[PDB]
Structures are given as C-alpha cells and as structure tokens.
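**Q** Let me give you the structure first, and then I'll get to my questions.
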Amino acid sequence: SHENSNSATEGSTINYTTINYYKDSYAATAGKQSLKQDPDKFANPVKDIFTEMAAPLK
Amino acid sequence: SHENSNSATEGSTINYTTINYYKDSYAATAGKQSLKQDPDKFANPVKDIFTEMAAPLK
Amino acid sequence: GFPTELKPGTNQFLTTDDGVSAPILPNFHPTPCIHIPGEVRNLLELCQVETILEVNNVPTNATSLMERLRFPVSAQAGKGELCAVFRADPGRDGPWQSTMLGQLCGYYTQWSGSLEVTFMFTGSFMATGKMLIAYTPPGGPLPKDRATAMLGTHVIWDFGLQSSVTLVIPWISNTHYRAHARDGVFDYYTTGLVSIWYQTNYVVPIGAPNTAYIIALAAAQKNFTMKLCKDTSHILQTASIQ
Amino acid sequence: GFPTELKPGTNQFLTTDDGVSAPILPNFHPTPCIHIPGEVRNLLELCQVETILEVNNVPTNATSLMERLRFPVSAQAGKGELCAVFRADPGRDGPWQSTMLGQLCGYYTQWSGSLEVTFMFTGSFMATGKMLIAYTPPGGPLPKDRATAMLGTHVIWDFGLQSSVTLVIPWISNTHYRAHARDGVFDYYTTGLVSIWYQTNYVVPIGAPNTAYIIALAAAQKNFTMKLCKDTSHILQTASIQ
Amino acid sequence: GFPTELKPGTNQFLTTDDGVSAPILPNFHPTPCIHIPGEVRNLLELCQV
Amino acid sequence: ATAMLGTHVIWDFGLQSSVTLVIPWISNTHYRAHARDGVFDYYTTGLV
Amino acid sequence: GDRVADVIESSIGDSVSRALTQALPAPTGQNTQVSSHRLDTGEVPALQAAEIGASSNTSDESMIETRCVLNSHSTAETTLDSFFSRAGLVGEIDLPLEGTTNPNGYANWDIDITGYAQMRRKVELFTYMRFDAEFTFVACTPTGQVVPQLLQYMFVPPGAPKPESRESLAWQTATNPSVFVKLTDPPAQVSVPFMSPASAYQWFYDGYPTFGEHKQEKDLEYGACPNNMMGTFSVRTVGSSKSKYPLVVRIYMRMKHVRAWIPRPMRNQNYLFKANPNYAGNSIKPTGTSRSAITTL
Amino acid sequence: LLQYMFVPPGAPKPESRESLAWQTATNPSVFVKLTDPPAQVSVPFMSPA
Amino acid sequence: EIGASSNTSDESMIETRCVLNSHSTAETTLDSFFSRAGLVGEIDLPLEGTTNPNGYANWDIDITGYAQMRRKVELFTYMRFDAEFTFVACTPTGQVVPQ
Amino acid sequence: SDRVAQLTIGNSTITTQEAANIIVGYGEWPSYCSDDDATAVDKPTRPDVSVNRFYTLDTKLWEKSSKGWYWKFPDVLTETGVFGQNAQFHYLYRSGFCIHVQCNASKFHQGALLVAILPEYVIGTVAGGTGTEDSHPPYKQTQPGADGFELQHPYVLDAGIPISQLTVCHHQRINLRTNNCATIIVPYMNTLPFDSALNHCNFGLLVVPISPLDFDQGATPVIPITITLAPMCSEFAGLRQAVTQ
Ligand SMILES: CCCCCCCCCCCCC/C=C/[C@H](O)[C@H](N)CO
Ligand SMILES: CCCCCCCCCCCCC/C=C/[C@H](O)[C@H](N)CO
C-alpha cells in the first residue's frame, strides 16, 4: 500500500499491524500494540540499584 | 489495470499513485503529488546569477 | 454492479467498534514528537508504585481529614492486643479506595496476582517494638486473640535501622481471576483480612514521646493482571454542571 | 450475495473526502497540454517573492491611499529618535495584511520558519544616513530609547551605492509551529516587534530635498512551512451579490 | 466508490446464518481453559449409553 | 540569601565531625602580598 | 580546533538521554519459581527503606514457600489503546424552535473534551496526551424521534470568521471541512488528526499565556493553554426559512494511536467548571467510606 | 432512536433516563434506530472461571 | 532595483545552530489546497412565484457566483482541473421530501 | 557506603551523613536538546558553572500544627544570582533541576515529611465555599515567589487531587528516625523544547507533614526546613531588554 506516513506514532519502537483504505495514515484502525513494559521507571528510579537479597542502608 | 490514459496530468514529470475503478483516468482520486519545488523561477529570474557572498553592483 | 448482501449488524453504532473512518484533512503531516520523559506503555506500570492506604478511616470532618493516613500505636498492658484491621479487597469501599491500585482497578472488573502492603514506622529512634501482621484467607472471621490469628500467613516485624516491612499478600484463590466483592452474593470474591497485633509492646525511654504512628503503603506485584474494562463505581457526580 | 456489513460513516457527505466518483463522459480524451510558462508546483513559491509592506497605515481617505506604502525620514535633533514600528505577525490585522505572505497565510492556521523584511531607500544620491533596525523577541514592550532597543537582534544599515538591507527575522520560538495571534488568550503566539531607529541622522547637502522615503518589502525564507488549511479571516462580503 | 449492487436477501435476520459480527471488547484475552474430565465432542456419544 | 551566591559548603553533623572548606585561589595575579589598610586593599582575599 | 584542556576534556553539550531503564518485552505475567525454607543470616528480602522513595522489590518466593506456576495471563488489556478507544460523550448541542438559547437555527460549540465528568476523569489521569480521534454525531429530537431533516456540521479552525446567523456567507465552506448528513441514515463519523502546534496536548497548564501586570481583571486567563484551543464546531439547519423540528446533537470521541506522558493523581472531588480545577470549599468529601472504629469492621 | 448499554458487574446502574451513567465513557454501547436491520454484537467468554 | 528577491541565508546574518528540520511541505501543494468542495451555485424551484413557477430552472455553468470560491481560483490566471460536482437538494426549511 | 553522600556541582557542595539515596526523575538525566528536538535557529547560550550551583532559598518553621508549603519552579529563581538575571533578559529557557530538602532533628523527635514533585501543579480555589462563584487565585498565590505559600486544605492539595496518591510522581520521605534529607533530580518535563521562564512554571514542589511532629518539654521547640536546589544543563535563547514580569 503506497500511502503517506503521518500517523501519531511514527518514530517509535512500537510496530503496528493495521488496515487502511485511504492515503493518510491517521485514518487507520488502532491495531495491535507491542507489549513492552518498563517497571524500572516509576517503581525503582534510584541511581545505585541494590539487590533484593541485601539490606540497602548499612 | 487496463484502462484509458486521459487524465489532466498525462505528459508531466509528476508521478502519481491513485486508485481507479473505471475505464477512464479522470475519475480517479487525487493521490500523492511529487514534491518538486522551483524557487528560482519567481524569486531569482535574472540572467547572470550572482553569489550571495558578493555585492552585485560593483 | 458487484453482487453483495447486507447482513444484520448494519447501520448500528457500536461505541467500541474499531474500523477505518473518513479523514477530513488530506496530505496532512502532524507536529513531530520530541523526547518527553515519563512515557507510559501500559497501565500495569502505575500498579507497582506504593501509595498511602487509608487504614484509619474513622474521622469525618474537614479539619481532621489529614488524620486518615496513619494509625496510632502506644504502650499497652502487654496482653497481645489488637491495633488495626482492614479488608484486603482492592475493589471495595474501604482503605484501598485511595490508592493508585484502587482507582485503576475501579476501571476494571476482574483482577489477578499478588498484592503487597508496605508499612513504615514514623516514631522515635530510641523507641523499639515488634508487631505481628497477620493475613487471614477467607472463611475465617475476625479473630478474638493473637493466638487465633497466628495460624494464617503472618510476618513478625521488628523496629530498628530499617523502618519498613513488606507483607506480600499471596494469591490464595480458587479462580484465575476474582471480581470486586460487595454485600450479598458477591462475598464469594472476598480476599480476606489483614490484622496488626502487638507482638511484644512499644517500649520507649524517658524524654521520647508516648504515641507513635505507622503509615501503610500498598502496591502491586509483577504478576498483577486486570481484565474486562468497565466504568468506575466508587464515584458519583452532581447534576447541572455549571 | 457477498456477506457485508454497513458501518457508520454511511450516507454522509464529507466535503474533503477523496474518492472515486462516477464519470459522465466515456472514452473521452481531453485537449493536450502545451508549454505555458510560469507553472507553479507549490504555494511556497509565492512566499519567497518580496511585496510591499504597508508600514505607514495612518491615512484613511481614498485620495491618499497611495501614501500607505512608504514612511518618511528627515533631519532630526540627533538624539537617536524613532522612525516607525510595527508587529511581526503575518496573521494579524496590520502591515503584513497586504503582502503575498499575508494572504497566503490567511488560508492556513499555523506557520513556521524565518521571515525577512527587505527595505529600500528612495532618496537622493548625495544624501546619506544610517538606521538601526531592531527586532524584539516577545515579552519586551515598546522601548523608550534606542539604548533599550539595541539589546535585541538588530542590523545597522548604511546608505550608499547599494540601497537595500535584509533584516531576516529569526525563528525564535518555543513551539514548532505558531498560529495567528490576536487579542486575548492568543497573545501566546505573538512574534514580537520591529522598530526603526535613527542611528546617526539623515544628512543632506544644499539643493537636494529635505524629506526622503523608505519602502519596506517582506518575504519568506527557504525554511517556511504552513499547515492546517482553513478559511480566510481578514475579509468579509456584503449580502445580496447582484 | 467501488461499484456494487445489493441483491435480495438484504436486511434480513436469519437465525441460523453463520457470519462475522462486531466484537465489543478489543484486545480481550479470556480465561485459560483447564483439564475438566468428561469433554463431549459429539452428541452420538450420549446415544451409546 | 545574599551570602549563598559565593563559594559555600553545607555541612551536616553526624558520625564524621569535620568538614574542609578549601578556599580556592581566585586571583588576578600569580602571587598576592599581605593586605592592610590603605592602598594595600588590592591584595585582599575575601571573607569566610 | 580546540587547544584548551578544560573544554576538550569537558562534558558540555551532552545531548543523548542517559537512561537508567531499558524496556523489556513482557507478553504475559511473570511466573513463580520453587522456593524452600531459608533460615540464614544477613540476607533479608523483607526489610526495606521507604525513605529511599523506591517501591518494594520483594518477590513472592522470598517470603513464603511457593509452587511453580506457569502463568499465562495476558497483559494486552491494560495498554493505552485498549483503555482509551471507547467513545464517550464529550458534548451536546441544542437547537430549539422558540426560546432564548439558540432561537436562530444555529449553535456554535467550542472544542473541549472537559465538559462531561465521565470522560474528563479518564483523560486527566495523565498530563500530556497525543492522539487521533473518531468523532461521531448522533442527531435526534428531544423525544428521541428521527425526523427527515438535513444538517450541516462545520469545523471552524482557530482564526476563521464565525457565522453570525444561518444565512451568513461563512457557511459556503470553500476550505473548511464540512459534513452534510440527514437524520434518516447512520450517524456521521470523521477522523481528526493530531492538530496541535505543540508536540502533545496538555490538560493542566500552570501559568499565564500573556505578559504584563496581571491584576483582578485579567485573572481568568490562568490555565488557558492556547495549544489546545482547536476552534469552533458549528451546526445549522440547511435552508433559508424557519424549520419546524427541534434538534439535539451528541458528540462521541474515541482516541486512537494514543501516547501518554507523566501520570498524575486522579481527581476525587466533584467537578465544578470547564478547564478549571475548582472544588467545593465547605463540602470536602473523603475518598473512602467511614466506619465506627479501627479495631472492628 | 434507542441505546443499548452493557453494564458490567460493579458499575453504577442508571437511576433514570437523564442520569449521568448513560455517557458510556468505557461501557460498550450500541446506538440503533428502528428503521434499520437489528443490531448484532459478539460477546466473548467473560467468566472468571 | 534588480527585481530579484533576497537570497540572504539565516547563517550569514546571525550565529545559528544546527537544526535537522523535518517539517513536511506536503500541505501547501496545489492538490492539497483546491480539493475542498465549496458552494458554486444555487438553483431555486418554488411553487407560486415569478422566479421559476414552471417547475424547471436553467443555470449557466460558472464558478464565479459566490465570493468564497471565486477568490481562491482567481489567485491564478490559467487553471486545468477535473471536477467532482455534488448536488444536495432540500426544501427551503431543510426538510427532505420524497421527490 | 550508602548513608553518606556529597553533591558537587559548580562552586557549591552539599555534604550529608544521614542521606537515604539520590533518586533520579523518571530514569532520565538532564541533558541538552538535540538537533532533532530543536526549533529555534539562533545559537543558545549556556553558562557552565555560573548557573549550575546550589541556591539556598528560605527557612520554614515546622511547628506542631503545620499543614504544608509549595514552591513553583522556576519562579523561585528569578531574583537570585546570574540565573535570576539571565531569565529576565532571555526568552527561551531549558533546564533540569536538582532539589535537596534538609530537615534535621534529634533522636528524641519523631515525625515524617513528604517531598513531592508534581508537574504542572495547577492551583484551584474553593469557588466561594459553596461552589457558585467562578473565582480564580490571585497572582500572589499562583506564583508565590521564593517564600512559598501555606496550604489551606492539604488533604486535597488545594487542587482537587487527593494526597494519598501523590507518590505516583517523584517522592522521597524525610522521616526523622532514619534520614534527614531528601534529594531529587528532575529532568526537563515539557511538551516544547524551550519555554518562557516568566509565566510557565514547569512543576511544583510539595512538602507536606504526613506524620506530625512530637517532642517532650525540654527539647528545643523549633524545627526548620530549608530548600536547596541547583539547576542543571541550563540553556537560554533570544535576547531582549530586562522585563520583570
Ligand atoms: C467536522 C469536524 C469535527 C470537529 C473536530 C474537532 C477536532 C479537535 C481535536 C479534538 C482533540 C481534543 C482537544 C483537547 C483539548 C481540551 O479541551 C483542552 N486541553 C482543555 O479545554
Ligand atoms: C450533470 C452534469 C453536471 C454539470 C457539469 C458541468 C461541467 C463544467 C465544468 C466546470 C469547470 C468550471 C468552469 C469554469 C468557468 C468559469 O465560470 C468562467 N471562466 C468564468 O465565468
């Protein structure tokens, strides 16, 4: 399908599989997102990472 | 697609990618124009072209 | 004229139907995206942050609404007394309603995986003590003594240099997913109780104050999973906005 | 009978929907095209031509409407005086409204890139002078002295053999695109000011006239870009044509 | 605008028509199945008792 | 709030009980002499 | 080139975002390993410090005696596209016959999704969003009846002259996108791209858009972000004379290709105004519910 | 014109016709008239068991 | 006085920074400017009157009858285009009748 | 090896022996904008060591009946130093931050604090008590300056959002049993690469006492809280005259 590439995702690490019947890519369906998580961003945002086997403050 | 070639573009340097469901090519969609500009036609229409590093009238 | 045939489901408007729709702006390239920090890619990333659990939801008036975050401990007669108790349902009207897990599992019908409740002691440095934090699987009512509540899953917690313990509530369930429990027939999805008993006492020397406080912080594990997105239950709205 | 299902968006008429429609004339070959000079392929080609900027939009009556293209200079007391000032918004009611950039960015909502304002001196040959043409990024109000207005982006312009200078207005912006500014909340998209101060004076010998004139010509750069095509704002129409 | 033509049998509701219908819950994975004994695969298995 | 703008060191009390404010050699000359009242205030080092 | 040593060995101009995290693929939940009894010294996985700010990293195996479970619960439901792609009511436009609200057969609606409390509470979970849309306009009489009436929707971008009346010359839509529908058909459905000058929308913008001495008259411009004022939605009964059917238009927006940044707490109080986080001063209601004591249920 | 609404177990039921639970921000709803073919959805296996 | 415009780059006037510009110019082309349907004519068919009382009306083909479409197409002198006409018929009160 | 730390940046140094850890905001360090994200065409100035240094703002008084305070950033640094004189002359502005809140007590005092970073903390008022008037906060409450502002209803954070979910953003706790300082490194969080530094405040710092203070008669009765913060990777673009607001 030869179309324009101007959706609100372009330039990301997530690869879609959508259907589209027009020339512009913001009219396409939502599709199947890739399942990539990152718990280390909001839950463990510390500089030195400590092991769970050790007490942190010694 | 075997059809007639009688659109209002034929014989140009712009190559389209359109869809069409009839035998004549003026009923097709607008499509994706090629992006070719020419600023030297309306902005610098002079015979001898001068460099921007040099004053023109010396 | 291609042969076709309209089957039912025609001229309906399903609010959740994913399909191609008609774009209004042709050959339109949007504003390019820049690197903004804090990009979520899932809503299981907001489950694993600890938030304050309103265990002491006794006070009502607006001048003392800040007191509903911590519960007091003090010196007892040394009989193994009871400090606080609360249910472990994150889809019920109670202490779990004011977390990031109680508002993001208000938008879902079923949930799975292990909860965890991280406590924190905010007393003096020269004051120590031990607490028994027992978790009761369902069927068992409110225990009348610490000797009865010891039989469940419990964790003995000593105060000292480190001032936080983590009682992970295990996923003791017959079903793969459980829904939100409430009164009536929906007591089948009850998770249990969490009770806090004085193990020994709260010992304090001369000069340090009598009453200390504990702050409870609840989170989720790495095997937490939600399903069947719904509308939120524990909120209302007055009529005639503006 | 092929199985199908009509989804919503059916039996609508979108004015911008690109699609195949039914042709009325079969096997029709049109008139062949010949080489006509002046073929545009973009509307960014009409942005880069200079057009007269109505800086002196003081007069009103029809007998003096030709005076709104140039602004006068003369001999001062030599105190660093002010000649003219105007805003640098090409989507506002002002001097930029009568350019090729003010009518082709009336048909768009947002614009980007650098502007440039090319002046031209139409005085005598034996008369020289110097002007300071300062550009003020937004936030800064109208300056009260040339010592205050020197702190922005400015260009000192001497008169002589060459009689045109080009103050390119840099794209100093926080956003990638900016919209058309007007009064109220939309002052957030303001571009700034351009002021013209007497650097030294306007010196003239015996026999040559006192008052000269400067013509301002505005254009666009090679990084100009517009977006979000709209209806034009700075025009009206009376009712009952014919 | 693709050329088409509605043939009869249109806007009917046949109770036994097998066809694709519109799903209401997107990206929904159901509860996984476990080994429950006594799985029928035909109704000729209840004839022979 | 005025004295914070120079070179400063915030010092907490605890187990270790000594901090070291090294005064940097902020000077226009290679060597400086001994300052006193009058014209010889040119060789002043500053304040702590 | 460079000859000084405090620049050639410096770090001025570090442009790349030095990230401490690295996103790993996680299609299902995490399994559980077999753990036995452990009675050792020094190695404690149950004692942490909440003063650090990070959360608990206690596995289930390091606290109880576990069993091996091959977990196969999919996490494809809690993603952003499977949470926001559900169309909710964002606005309602009235067109009565004899009244004072809109008695001239047209009504202008400014584009904001913060008019109804059920959609507003979901999108204000985050601070920055970046989405497309699929609008849907369901038109009916106030008694639900469908009448044979023709209607014109018009999207007015910010700047274009609004129509003063029904017979005005701005309705000729030479460049504005317009939708012509009747009422005896399926409802209209368009697709709106990401139309912002910024790189993302923002529902909370702390600050003023103008400069100058902010006094008591100019205080209402606080929090009005002009990267979100997307224009004006306009409707009319397509004709010259007075119509005879009352109309009600309802707007349903669903987001697709959603990216969200910087989460924040969700609101617990009642909403009071549009684009204004005011609340009731006397009626501060707590989040949970109250009981008699803490020792009993 | 009619609106069907699927209320999952837990969500607040509408008290009346003008109630603010009909705004269906996350509930799947079907909007049909009566002058069309009847609505048809596809419900998955929605059980915890 | 030469007649050509300014060729002054931004780098030759101020001290610039390296910017990898990625703003697309696919919006200002001719197909993305004129492919928006505007009202070019209106035909009246009344019952009792003097304009068209015989149930028919003849309209000469010209797109210069309404001021909003006319100002766009008169930006150029010569044009060469196809068209997609669209005829929306209704009562003067907007009602749709079986006619 | 973990209790003690030192922060050296510019010509300033903070040494503390009862620290917990140095949190990093969203796993991203502050940096300079790349050529892809950049919008302007003028070269941005960047003073290296003259603005990336600690500014000790003000001393608060944590009494028994305290409620909380909030400081809007970067409003607090428009009158202090070369940073306060560059943000008055320049138009565009881009910087991370590094916030460090000291609060000390003995081993006989008890209490806790919540140090939070809330991006785009929009102040809302009480709408006249009953919720009828469309009131708006004044200029002396929205941008308070370097002196902060006392919270009137800290349970709803004076913005409608509850306090119990505040820890989804950046939070460290000053618990007077184990630690005495809370250090947060915040990157640049905005939808635009640059921003004006006179109207838009990026994030708001919130210091609220969760667990109250307590002591017996004989200890010293005043416990001060001091905020100390340092911009990091500051950049400015676009010169004009000095305007104050
Ligand atoms: C016929 C055209 C249909 C109208 C299409 C409108 C497109 C506008 C884009 C909608 C995206 C939501 C806009 C969000 C802004 C919020 O209201 C503000 N941040 C708060 O007032
Ligand atoms: C059922 C057939 C529908 C009618 C189709 C009409 C085809 C005519 C082609 C339209 C192209 C525009 C004609 C432009 C001419 C301008 O009015 C004149 N130059 C000025 O009067």
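Chain labels run A, B, ... following the order of the structure tokens; each chain numbers its residues from 1, and ligands are numbered from 1 in the order shown.
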Near residue 29 of chain F, counting only C-alpha atoms, which residues have an atom at most 12 Å away, once you skip same-chain residues fewer than 6 positions from it, shown as a VMD selection string?

**A** chain F and resid 42 to 45

**Q** Determine, counting only C-alpha atoms, which protein, DNA and RNA residues have an atom within 8 Å of an atom of residue 170 of chain D; residues of the same chain fewer than 5 positions away are not included. Present the result as an MDAnalysis selection string.

**A** (chainID D and resid 113:115) or (chainID I and resid 10) or (chainID J and resid 40:42)

**Q** Go ahead and save the residues from that selection, with N, CA and C atoms, as a compact mmCIF listing (two decimals), in the first residue's frame.

**A**
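Resulting contents of part.txt:
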```
# COMPACT_ATOMS: atom_id res chain seq x y z
N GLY D 113 9.13 28.85 10.30
CA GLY D 113 10.25 29.33 9.53
C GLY D 113 10.51 30.81 9.76
N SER D 114 11.57 31.29 9.10
CA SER D 114 12.05 32.65 9.29
C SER D 114 11.41 33.60 8.28
N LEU D 115 10.98 34.76 8.77
CA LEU D 115 10.57 35.85 7.90
C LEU D 115 11.79 36.69 7.54
N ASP I 10 19.96 32.46 6.72
CA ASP I 10 19.94 32.80 8.14
C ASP I 10 21.31 32.69 8.78
N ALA J 40 14.38 26.52 17.39
CA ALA J 40 14.89 27.85 17.09
C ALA J 40 16.04 27.77 16.10
N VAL J 41 16.40 28.92 15.53
CA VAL J 41 17.52 28.99 14.61
C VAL J 41 18.68 29.80 15.15
N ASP J 42 18.58 30.37 16.34
CA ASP J 42 19.71 31.07 16.92
C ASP J 42 20.47 30.15 17.88
```

**Q** Restrict the calculation to only C-alpha atoms, then for each residue of chain F with any atom at most 7 Å from an atom of chain J give the closest atom pair and their distance in Å to one decimal, rows by chain and rising residue number, as CSV.

**A**
```
residue,atom,partner,partner_atom,distance
F:1,CA,J:57,CA,6.7
F:4,CA,J:55,CA,6.5
F:5,CA,J:81,CA,6.6
F:7,CA,J:11,CA,5.4
F:8,CA,J:12,CA,5.4
F:9,CA,J:13,CA,4.9
F:10,CA,J:14,CA,4.9
F:11,CA,J:15,CA,5.6
F:12,CA,J:16,CA,5.2
F:14,CA,J:17,CA,6.2
```

**Q** Got a sec: who's within 10 Å of residue 43 of chain I, counting only C-alpha atoms, leaving out chain neighbours fewer than 2 positions off, as a VMD selection string?

**A** chain I and resid 41 45 to 46 52 56 to 59 89

**Q** Next, write the just-selected residues to a file, as an mmCIF file, in the first residue's frame, keeping N, CA and C atoms as the atom set.

**A**
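For reference, part.cif as written:
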```
data_model
loop_
_atom_site.group_PDB
_atom_site.id
_atom_site.type_symbol
_atom_site.label_atom_id
_atom_site.label_comp_id
_atom_site.auth_asym_id
_atom_site.auth_seq_id
_atom_site.Cartn_x
_atom_site.Cartn_y
_atom_site.Cartn_z
ATOM 1 N N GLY I 41 -23.006 27.344 -6.707
ATOM 2 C CA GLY I 41 -24.262 27.770 -7.298
ATOM 3 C C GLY I 41 -25.442 27.231 -6.525
ATOM 4 N N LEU I 45 -36.479 26.412 -6.987
ATOM 5 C CA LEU I 45 -37.663 25.840 -7.632
ATOM 6 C C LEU I 45 -38.861 26.050 -6.720
ATOM 7 N N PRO I 46 -39.492 27.217 -6.781
ATOM 8 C CA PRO I 46 -40.655 27.488 -5.933
ATOM 9 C C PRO I 46 -41.942 27.009 -6.597
ATOM 10 N N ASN I 52 -39.178 30.941 -10.870
ATOM 11 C CA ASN I 52 -39.304 29.700 -11.639
ATOM 12 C C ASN I 52 -40.619 29.022 -11.284
ATOM 13 N N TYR I 56 -39.056 24.176 -13.448
ATOM 14 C CA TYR I 56 -37.747 23.950 -14.038
ATOM 15 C C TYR I 56 -36.949 25.238 -13.947
ATOM 16 N N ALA I 57 -35.628 25.093 -13.962
ATOM 17 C CA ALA I 57 -34.750 26.249 -13.926
ATOM 18 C C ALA I 57 -33.441 25.900 -14.610
ATOM 19 N N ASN I 58 -32.944 26.844 -15.400
ATOM 20 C CA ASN I 58 -31.732 26.673 -16.183
ATOM 21 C C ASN I 58 -30.615 27.507 -15.577
ATOM 22 N N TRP I 59 -29.482 26.866 -15.327
ATOM 23 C CA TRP I 59 -28.347 27.503 -14.679
ATOM 24 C C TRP I 59 -27.133 27.385 -15.582
ATOM 25 N N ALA I 89 -30.059 18.440 -2.475
ATOM 26 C CA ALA I 89 -31.378 19.016 -2.683
ATOM 27 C C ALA I 89 -32.205 18.902 -1.415
#
```

**Q** Per DSSP on the backbone, what are the helix (DSSP H, G or I) residues of segment 67-97 of chain J, as a list in words?

**A**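 Filtering segment 67-97 of chain J down to helix (DSSP H, G or I) leaves residues 75, 76, 77, 81, 82, 83, 84, 85, 86, 87, 88 and 89 of chain J.
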
**Q** What does the file look like for those residues with C-alpha atoms, as a tab-separated table (two decimals), in the first residue's frame?

**A**
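Dumped to result-v6.tsv:
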```
chain	number	residue	atom	x	y	z
J	75	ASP	CA	9.50	31.04	39.75
J	76	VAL	CA	11.70	30.94	42.86
J	77	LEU	CA	14.88	31.77	40.89
J	81	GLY	CA	22.13	35.49	41.03
J	82	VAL	CA	23.14	35.21	37.41
J	83	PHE	CA	20.34	32.69	36.80
J	84	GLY	CA	17.83	35.25	38.03
J	85	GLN	CA	19.42	37.83	35.72
J	86	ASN	CA	19.58	35.58	32.66
J	87	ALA	CA	15.91	34.55	32.84
J	88	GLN	CA	14.88	38.22	32.89
J	89	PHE	CA	16.81	39.08	29.70
```

**Q** What does the distance between atom CA of residue 150 of chain J and atom CA of residue 68 of chain J come to in Å, to one decimal place?

**A**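 Computed distance, atom CA of residue 150 of chain J to atom CA of residue 68 of chain J, equals 5.7 Å.
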
**Q** Just want the residues within 6 Å of ligand 1, written as a list in words, counting only C-alpha atoms and all ligand atoms.

**A**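 Written in the requested form, the residues are residues 111, 112, 113, 114, 153, 154, 155, 178, 192, 202, 203, 228, 230, 233 and 275 of chain G.
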
**Q** Using N, CA and C atoms, can you export the residues from the last selection as an mmCIF file, in the first residue's frame?

**A**
```cif
data_model
loop_
_atom_site.group_PDB
_atom_site.id
_atom_site.type_symbol
_atom_site.label_atom_id
_atom_site.label_comp_id
_atom_site.auth_asym_id
_atom_site.auth_seq_id
_atom_site.Cartn_x
_atom_site.Cartn_y
_atom_site.Cartn_z
ATOM 1 N N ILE G 111 -14.393 23.609 21.003
ATOM 2 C CA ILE G 111 -13.937 22.226 21.088
ATOM 3 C C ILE G 111 -13.170 22.039 22.392
ATOM 4 N N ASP G 112 -13.765 21.298 23.325
ATOM 5 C CA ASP G 112 -13.102 20.887 24.554
ATOM 6 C C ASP G 112 -13.774 19.619 25.056
ATOM 7 N N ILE G 113 -12.965 18.648 25.474
ATOM 8 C CA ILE G 113 -13.481 17.371 25.951
ATOM 9 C C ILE G 113 -13.676 17.366 27.465
ATOM 10 N N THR G 114 -13.625 18.531 28.097
ATOM 11 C CA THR G 114 -13.719 18.659 29.544
ATOM 12 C C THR G 114 -15.068 19.229 29.964
ATOM 13 N N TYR G 153 -22.649 19.992 9.525
ATOM 14 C CA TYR G 153 -21.607 20.187 10.518
ATOM 15 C C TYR G 153 -20.456 20.940 9.875
ATOM 16 N N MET G 154 -19.869 21.869 10.621
ATOM 17 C CA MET G 154 -18.741 22.619 10.094
ATOM 18 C C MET G 154 -17.681 22.754 11.168
ATOM 19 N N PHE G 155 -16.451 22.408 10.809
ATOM 20 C CA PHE G 155 -15.299 22.551 11.686
ATOM 21 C C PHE G 155 -14.626 23.874 11.354
ATOM 22 N N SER G 178 -16.567 20.248 5.913
ATOM 23 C CA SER G 178 -17.954 20.187 6.339
ATOM 24 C C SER G 178 -18.513 18.800 6.076
ATOM 25 N N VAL G 192 -10.047 12.884 12.983
ATOM 26 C CA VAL G 192 -9.354 14.143 13.223
ATOM 27 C C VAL G 192 -7.915 13.818 13.591
ATOM 28 N N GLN G 202 -2.105 19.132 26.443
ATOM 29 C CA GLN G 202 -1.944 19.193 27.886
ATOM 30 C C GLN G 202 -3.220 19.730 28.510
ATOM 31 N N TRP G 203 -3.742 18.984 29.476
ATOM 32 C CA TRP G 203 -4.962 19.349 30.172
ATOM 33 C C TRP G 203 -4.695 20.189 31.406
ATOM 34 N N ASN G 228 -4.334 24.067 22.960
ATOM 35 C CA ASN G 228 -5.486 23.186 22.993
ATOM 36 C C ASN G 228 -6.747 23.817 22.431
ATOM 37 N N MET G 230 -8.766 24.439 19.827
ATOM 38 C CA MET G 230 -8.757 23.880 18.484
ATOM 39 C C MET G 230 -9.801 24.484 17.559
ATOM 40 N N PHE G 233 -16.993 24.320 16.693
ATOM 41 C CA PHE G 233 -17.880 23.421 15.966
ATOM 42 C C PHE G 233 -19.221 24.115 15.773
ATOM 43 N N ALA G 275 -12.269 23.441 32.339
ATOM 44 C CA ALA G 275 -10.854 23.836 32.301
ATOM 45 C C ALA G 275 -10.458 24.649 33.531
#
```

**Q** Once you count only C-alpha atoms, what closest atom pair and distance in Å to one decimal does each residue of chain D within 10 Å of chain A have, with rows by chain and rising residue number, as a Markdown table?

**A**
```
| residue | atom | partner | partner_atom | distance |
| --- | --- | --- | --- | --- |
| D:17 | CA | A:22 | CA | 9.5 |
| D:18 | CA | A:22 | CA | 8.2 |
| D:19 | CA | A:22 | CA | 8.7 |
```
